[PDB]
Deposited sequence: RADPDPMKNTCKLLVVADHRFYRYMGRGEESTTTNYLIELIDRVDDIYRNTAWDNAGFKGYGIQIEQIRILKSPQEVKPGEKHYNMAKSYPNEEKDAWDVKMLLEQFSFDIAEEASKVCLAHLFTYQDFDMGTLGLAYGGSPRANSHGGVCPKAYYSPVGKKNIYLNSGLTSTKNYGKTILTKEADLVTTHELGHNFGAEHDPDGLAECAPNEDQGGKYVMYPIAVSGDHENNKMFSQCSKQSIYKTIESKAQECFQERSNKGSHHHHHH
């Protein structure tokens, strides 16, 4: 473990929806929420022994918080992740999640190329209880350290070191304990973890064995012991990544 290359620095972005509905139209309220959430997620990462030995101390820290106070004005037929309307269906509260992650990665491309990860924090009710999305750890590429993807539609390179979290689900603000689990799961995909499968009991335990781990495909609730922790399956996947990636874009912990 290299102490000079053990931290994935983040570009955290709060859109106009997050600023209005979570930050009560205030910059201090917005940033405090985000700073505390990332610090709690960091506690899970930093304390995880990726090899079940001394390969721990790897975490995340915020490099910058971009605060989008108002919607992004767009020309007719032009789209932006911070625009007032949802896409592709303006009648819906939320964007289609896959299209929003692709749009955010397109719009943030220049900033994303200079950071370990970029994460969008929004407040929109994705269809069917979806809480977030991320690149990396998809059974498709991406995750930690900018990886270029030439977008034939966008006509430029976008980077796949991105993910997103919404703190709205089913018409209300999710609990902070639930929000921590969403961001951990999304960043888990970025770090290279795939979902925990039912077929491996060690990786998806019963409620009497501590419950499911953070990478389970169905959202926890956050009341069981395992809920906040990475399974041995996630650890094996991430351990392979960390080795191959820390030297590429990780920095010293501040």
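Residues of the deposited sequence missing from the coordinate set occupy positions 1-3, 143-145, 261-270.
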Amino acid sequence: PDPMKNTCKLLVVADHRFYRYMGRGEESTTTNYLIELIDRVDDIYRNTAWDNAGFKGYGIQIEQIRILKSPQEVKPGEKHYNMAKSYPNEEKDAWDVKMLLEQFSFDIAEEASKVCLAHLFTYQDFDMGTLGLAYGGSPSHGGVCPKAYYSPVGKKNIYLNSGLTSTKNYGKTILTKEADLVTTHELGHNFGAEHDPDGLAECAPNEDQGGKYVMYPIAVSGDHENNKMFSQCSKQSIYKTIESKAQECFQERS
From here on, numbers count along this sequence of modelled residues.
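Just so we're on the same page, rigid core means the largest C-alpha set that superposes within 1.5 Å between forms.
Root mean square Cα distance to the shown form, taken over structures and residues in 5 other deposited structures of this protein after a core fit, is higher for 214-222 when 53-61 and 214-222 are compared.
In all of the other compared structures of this protein with flanking residues present, residue 76 is modelled, so it falls below the one-third mark for missing coordinates. Residue 105, modelled here, also has coordinates in every other compared entry of this protein that models residues flanking it, well short of the third needed to call it frequently missing. Higher average CA B factor: 80-88, of the stretches 80-88 and 180-188. The stretch with the higher mean CA B factor, choosing between 36-44 and 64-72, is 64-72. Highest C-alpha temperature factor among 129, 146, 132, 154, as the PDB entry reports it: 154. In the deposited entry, the Cα temperature factor of residue 18 sits in the bottom third of values across the chain's modelled residues. Remark: residue 172 belongs to the middle third of its chain, ranked by C-alpha B-factor as recorded. Annotation for residue 114: C-alpha temperature factor in the middle third relative to the rest of the modelled chain, per the entry.
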